[PDB]
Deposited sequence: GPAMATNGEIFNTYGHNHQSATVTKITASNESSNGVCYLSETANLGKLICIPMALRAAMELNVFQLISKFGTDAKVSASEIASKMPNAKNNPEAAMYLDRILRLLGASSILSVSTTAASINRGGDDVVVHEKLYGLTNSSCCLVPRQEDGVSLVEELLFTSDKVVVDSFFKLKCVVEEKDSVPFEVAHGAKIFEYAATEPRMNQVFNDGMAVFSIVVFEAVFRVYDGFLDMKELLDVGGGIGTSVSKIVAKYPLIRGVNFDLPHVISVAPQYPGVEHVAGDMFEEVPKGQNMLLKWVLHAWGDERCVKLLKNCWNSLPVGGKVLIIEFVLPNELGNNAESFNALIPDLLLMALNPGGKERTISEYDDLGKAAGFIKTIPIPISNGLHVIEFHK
């Protein structure tokens, strides 16, 4: 009935915004610091937030966020015999991490988690674009990001240093997670002497490849406003330019999370520029979440549908593709011998050979 559906539909905006608040308050990491199988109260978590130390009401407000995440199975909820054991009312339940929220705890060794990518995809710049999503259906050649912000996303990033940082860091940390999965399955880097990352962001991806395979000379290529903020990484040379004008010569190339932002004509133009800059026997690796041939209720399907909706909002022509669709782009640009390599939950390496 209506008053069942109010709950099912009304919670949809609330959960991500509660999650974003919890990530910004570092709730998950604070719970993790209490140890294995920790179950802690809002009051205990708030005690570890210096910014809350003069706010008597902080724990009660925090509990209102955490109990929604508990109801949603992002946190586990429990109590104790000591709390149970008639005229006193215990409001505070105890919260613990779940499989999903463990992925929101920065790793002790290097700080990696899904936090940075999830903070990008719920950033105000992205949500403001989503408020204009209907324009793609109504208006020929409209792009929601352009309707919201008056510029395309990569042009906007060159004017807006906060957005540039959020986007660049979201891609970079997510890249680390993805390459850990790639290196467990894929052995195609072992024989390479040089790798050029085309649209490589701040260079994190090629830094990790060179760290794993130290005979590889790494080159990172991106737009001027990205290269200007890129760190110095061991074994990585940075190159600024425009991949639709000219790609540097390299023995092998990587395109990770690049083709999915662009329509077919732009993708063929870029792939022809890569072909022109590769030697005979070179290859370009495409790393993307591949759209399954039949969608279902599984991680592989959602791993493609999420960026499919984001790129529809964020850039003209951007979309997720099937293996067949990627093969067609490579073949149009002159490549032969397409080799799709499943990695994990829809993530693939697709090799295009010159």
query: Deposited-sequence ranges lacking C-alpha coordinates, in sequence order; finding: 1-36, 122-124
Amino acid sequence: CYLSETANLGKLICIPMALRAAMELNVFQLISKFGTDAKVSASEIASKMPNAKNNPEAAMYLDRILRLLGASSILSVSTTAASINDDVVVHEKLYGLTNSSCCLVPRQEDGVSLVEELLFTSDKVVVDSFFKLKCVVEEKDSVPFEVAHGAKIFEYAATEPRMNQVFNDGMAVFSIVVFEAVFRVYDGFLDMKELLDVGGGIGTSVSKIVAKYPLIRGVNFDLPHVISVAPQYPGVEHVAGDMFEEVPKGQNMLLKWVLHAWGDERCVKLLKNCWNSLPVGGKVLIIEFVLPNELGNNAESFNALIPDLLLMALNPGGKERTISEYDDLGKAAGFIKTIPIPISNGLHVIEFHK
From here on, numbers count along this sequence of modelled residues.
| query | finding |
| --- | --- |
| Stretch with the higher entry mean CA B-factor, where the candidates are 119-127 and 205-213 | 205-213 |
| 171-179 versus 140-148 - greater average Cα B-factor per the deposited record | 140-148 |
| Residue selected from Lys193, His238, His260, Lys272 by maximal Cα B factor | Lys193 |
| Selection by C-alpha B-factor (highest) of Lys132, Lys256, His225, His91 | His91 |
| Assigned third (lowest, middle, highest) for the C-alpha B factor of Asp308 | lowest |
| Chain-relative CA temperature factor third for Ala7 | lowest |
| Within-chain third of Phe289 by Cα B-factor, per the entry | lowest |
| Third assignment of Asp37 from its chain's C-alpha B-factors | highest |
| Chain third (lowest, middle, highest) by recorded CA B-factor, residue given as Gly70 | lowest |
